[PDB]
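Okay, handing you the structure first.
In order of appearance the chains are A, B, C, D, E, F, G, H, I, J, K, L, M, N and O, and numbering begins at 1 in each one.
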Amino acid sequence: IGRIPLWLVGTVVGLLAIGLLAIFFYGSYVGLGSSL
Amino acid sequence: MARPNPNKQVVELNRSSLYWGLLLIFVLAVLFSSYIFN
Amino acid sequence: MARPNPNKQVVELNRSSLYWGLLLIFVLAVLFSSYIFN
Amino acid sequence: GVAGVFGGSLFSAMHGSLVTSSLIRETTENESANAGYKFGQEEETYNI
Amino acid sequence: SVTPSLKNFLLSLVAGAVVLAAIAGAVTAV
Amino acid sequence: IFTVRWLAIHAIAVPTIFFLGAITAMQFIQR
Amino acid sequence: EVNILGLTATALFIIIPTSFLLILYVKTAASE
Amino acid sequence: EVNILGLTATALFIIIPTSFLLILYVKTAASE
Amino acid sequence: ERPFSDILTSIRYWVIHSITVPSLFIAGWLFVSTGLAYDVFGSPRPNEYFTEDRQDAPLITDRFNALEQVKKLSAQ
Amino acid sequence: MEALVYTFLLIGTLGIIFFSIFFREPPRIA
Amino acid sequence: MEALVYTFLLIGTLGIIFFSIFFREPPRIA
Amino acid sequence: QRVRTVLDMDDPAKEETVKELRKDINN
Amino acid sequence: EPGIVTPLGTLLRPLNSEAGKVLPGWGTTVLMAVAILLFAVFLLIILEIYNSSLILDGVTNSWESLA
Amino acid sequence: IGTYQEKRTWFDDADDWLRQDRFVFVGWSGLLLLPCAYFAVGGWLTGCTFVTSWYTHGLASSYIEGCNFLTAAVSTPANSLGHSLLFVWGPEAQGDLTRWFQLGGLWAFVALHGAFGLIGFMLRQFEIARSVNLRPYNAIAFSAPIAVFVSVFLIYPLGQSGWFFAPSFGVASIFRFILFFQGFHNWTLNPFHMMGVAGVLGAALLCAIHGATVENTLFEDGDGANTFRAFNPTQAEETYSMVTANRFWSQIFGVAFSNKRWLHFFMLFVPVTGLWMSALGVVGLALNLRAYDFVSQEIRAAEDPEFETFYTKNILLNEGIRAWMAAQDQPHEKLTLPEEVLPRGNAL
Amino acid sequence: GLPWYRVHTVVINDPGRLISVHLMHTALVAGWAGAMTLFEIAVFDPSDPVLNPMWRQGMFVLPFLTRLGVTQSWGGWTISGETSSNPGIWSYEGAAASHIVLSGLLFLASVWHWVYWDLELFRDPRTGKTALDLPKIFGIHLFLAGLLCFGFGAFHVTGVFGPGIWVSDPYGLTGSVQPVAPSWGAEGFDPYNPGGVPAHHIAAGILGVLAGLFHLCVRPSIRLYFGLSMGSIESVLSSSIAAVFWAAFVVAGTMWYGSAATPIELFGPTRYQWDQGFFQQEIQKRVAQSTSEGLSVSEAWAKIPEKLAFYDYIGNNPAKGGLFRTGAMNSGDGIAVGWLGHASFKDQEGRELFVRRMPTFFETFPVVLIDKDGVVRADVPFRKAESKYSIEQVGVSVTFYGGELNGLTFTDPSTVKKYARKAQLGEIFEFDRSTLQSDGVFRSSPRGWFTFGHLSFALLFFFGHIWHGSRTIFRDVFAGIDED
């Protein structure tokens, strides 16, 4: 209980979510679904 | 002479005049349907 | 339970309901006249 | 915008249902359930 | 005769029976 | 715990994470 | 091929007066 | 010319529900 | 009651979730990278869309012989 | 419908006269 | 006859709107 | 009579025909 | 207060003489559930027959069936 | 029940376990809602991810091949497969899951399970409303979207030649379905669709206007300027001045609501009515009954090359949509129509 | 007072007045049935039952009449191509006037029950309050329903005492009202088998009688009684609405999908028959069979009947109308007066081209003449300025082999384009459009109108059932809870 911050946990989850969104958007310009 | 109308009257249609009017309408109907259909 | 019906009720339609009914009927006629006349 | 108009209809139906269900009995299947008290009191109706 | 569609339908109703049996056991548990 | 909340949260969480991994993997395939 | 003009004429000349007299009779019987 | 069927349909769809709503209104206001 | 606000702060959650969640991420990696998704769900790879016999989109034209037609015109 | 409308009108007349005979208002004032 | 039908229904609905706006029942209970 | 002709001559007029759709694996 | 006494009314009176007269326990709930299950299986059978998805030897599900 | 002994059976224990205050309510209808909705969302998410459409439609509808969330979808089966329910044990699949997915049986799976999940969930609104004892107007309200689901995903493909004309579960798939009804059915012109549009737009209108009116009549109720904390769930007074609101809209719009029972019933009424009328419209379109032609307009435009309307432009544009889209949209039709029979404008 | 949507709730607790409104409705629907039958007899033209069938004339209740046995009327005609036999009292107009007399009798009975409503039959003996024993009432009506189903299945449809069913040819050529023997096997559940209906009715009536016996002798359970509120009339209202829209869904589904209970000679072809090339493959295989042995073209096609070519025409299709494309299909694109024949198209060097037909979804489809294999060889061009597919340079010629037009081949003028456009719809027919001031757009079949109305009503009654189920389950919160 309270050993690592809840706000910091939310920050780490947010960094992973933004990273996944960035990876998904990056995959649209390269490879399959890149029209090239 | 005031806001409500003292000349207001209610309508009365008894059953005898009802039956007479209905008979009148349907007798006019049987008389003129054959002629409008022509 | 007697000679008159105990379940007799009166009907109430205020001016708002009158307006809503007339609006519904007239807008329905407005919409569907172009299709009925075609 | 499509999500918002569909959600606006959804939230309209939802709010309407949740607060027309939350009715303390002042309007019965007659015009109103005034037998408890007639019009003219601050005793508020409904529930939230 | 016993058409493959009918045989598969019989196995299908048996499978549905055991699926609802497992669901009943699960809702009986927990 | 293995209560109804445990079962519901895990039934939602496990395949979402599994498929998120699968899609992140599919982000790097070239024709 | 069905004379709809005469049909609607007969239908209206029945319906409008019988309904009107029924309204008047109902208000006479209700309000004595 | 003139679509008499459509004219009749539109005319009755006006008058009959309109007369219905008006008659309940005037009978409701007659006996409040 | 665990209203979900305490478990994230607790390190005991992340003791076992630093293995299960990356294990599922790696499981998805091997699942699609080993072609198992293609093999299980019938997904065709990018180099097996137009075979030598037909150069256009595959056409269906059947109801009852559907499985025999997929054995005819699948990705070999 | 040629004969049917005259049939409706004749039946209406018969029903009206039947109701006027039987479902009439009772004769009051002498 | 087509055009006057549309004109009449439109101006009639506008008339009902006008009548409901200015000659409504005065509001009660709040 | 001639089974291959009658399907093939229903083919240009209407391709959704039962005669064309049944037993299309052999074609 | 008393209703109008009627000959056909007192004829058919026993058929309305047991309003609410109800058996306790669960009754035949198991039997009606079994009947509903058999009825649902029969309905699924006729559905899959009428879907051309339960092929039988004699049923063709086509206009040729009445040929 | 009703002052009886009511000797406890397995039904009583099962009902007592099903009606408990949990993280998510289960109830008796949870026997249907939870598994059916689970397979519905799982099938849609898997078919958007792995299950392809290179068999059925001959196009890409999966995450594995280059389709985004806006592009991938659970595609419908093919017209040649008819209205078959496509069971795993059905004659099409014959118990092969790998080729069941490829023939599009997952679409029928998701559609049937989504229907039964809808049944279970709105049954659950009955179960909750009975558990805590108020009217199920939530169920009467949600009766309209399930009618929409029935009319769109079941009644229309049942009336058509097969599930191929059903809406595939997706984003661009529903977009294609919308454009299909535009080109082939003239679905904008149908009055039932017009009443559906009116109902939903009026419902969004009512939601926005009611929320804003309540929020701008919220009284003082405190000294902090954050008015949300100025509300107290304990207090029995109204959070908003409905008198002030009524006189405001009486002087702005002319007519205003005077009874909040009528207000909230009307904002319940408009979307349900609109969805029900549009559902009846889709029921009409299921049998290819469409509001397509205005016979006076085509007759007068035929005898006079000078008369035209935006309606006439829309009809000709519908012919364009049909001609240029059905060629690949309906692969079973073998539409190898050349370009000189496909119609054009000048320079385009 | 009472809201306008509530005026009928005054008789929820008055069984006598419930009888009154039920009998009033029965009178109204009986009068409507009689009026519609006489109206459709007045509009009906039996001059050409071969080429101008009643389902092409917007006929709705006469096909339900003919399906069950009545085939002739009082005027001296029969729709089966024969002259009238002895008509008796049970003709079309006889049934209409009989339903009118029923309407009057039911009207007078409704008035009687309205006036006399407090019968002791409606009063409970133990408590003295007005009550109805709904499980016993249901047992009674289940016994009568089983008896009526058994009588209709063992006496009418079997032909031992009734006439049978209007059965037909598989392609809608030869059909009449005849008895059919029941089938107890799998073919008994064959939907297109006419023999399944008598076995269906016999088994269903027997089962209904036995179930009525259990409902008469056995009482319900307390748990079930407080479960679905059997002691209330709103529960039986909701359940009855549920059952009737279930039946409406069944009827609409069978009407669209075709059945032995849906004769093609009374209701027209099917959209699935058109899309699946049913009459087309029939006509073509008959021609191929006649060509294979003996007779050649231009006389073998004359062996093709007048009915089948009319059936193979999308203007007869139920899936081509509109909501407001109103009236008979004859009023749409004229009355059919004759069959031209099969338009045969040849190229300049000589090879048979085929016209691509117009599917149900398309209001307008391109007219293309495609090769024997399935290659595009000619088309009516939009640009008319490019390629080698325009008719005047490809050189196609239209031949015909049928009734009115058999051996005059056209190659030069726009007549070949006109006949390609006409045959692109199916078989080419002459229609007269001046008799009914016919317009040209495609009207809807009576099947389509039936199925549209009953699907919409079934879904609306789904709303009615779910609402009355809500009201019945939740009668405590709809009426009042009084601060608890």
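For the reader, a short list of remarks on this structure follows.
The rule is short, and it goes like this: a contact is a pair of C-beta atoms (placed from the backbone, for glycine too) under 8 Å apart; a residue touches a chain by one contact, two chains touch by 3 or more.
The minimum number of touch steps linking chain J to chain N comes to 2. Note on connectivity: the fewest chain-to-chain touch steps from chain E to chain M number 1. Between chain G and chain H the CA-based rotation angle works out to 180°, given as a multiple of 5. Here the CA centre of chain J is 39 Å from the CA centre of chain O. Separating the CA-averaged centres of chain B and chain F is a span of 80 Å. Rounded to whole angstrom, the centroid-to-centroid distance between chain B and chain M, based on C-alpha atoms, equals 53 Å. Chain N and chain O, compared by their mean Cα positions, are separated by 30 Å. Chain contacts: chain M has residues 24-26, 45, 48, 52-53, 55-57 touching two or more partner chains. Touching two or more other chains at once are residues 2, 10, 14, 27, 31 of chain G. For chain L, the set of residues touching two or more other chains reads 15-16, 20-21.
Of all residues in chain B, those touching chain J in their complex are 14-16, 19, 22-23, 26-27, 29-30, 33-34, 37. Those residues of chain M that touch chain O in the shared complex are 2-6, 8-10, 12-13, 15-29, 45-46, 49-50, 56-67.
By the touch criterion given at the top, residues 1, 3, 5-6, 9, 13 of chain E touch chain M in their complex.
Partner chain I is touched in their complex by these residues of chain L: 20-25.
Across the complex, chain A meets chain I through its residues 1-6, 9-10, 32.
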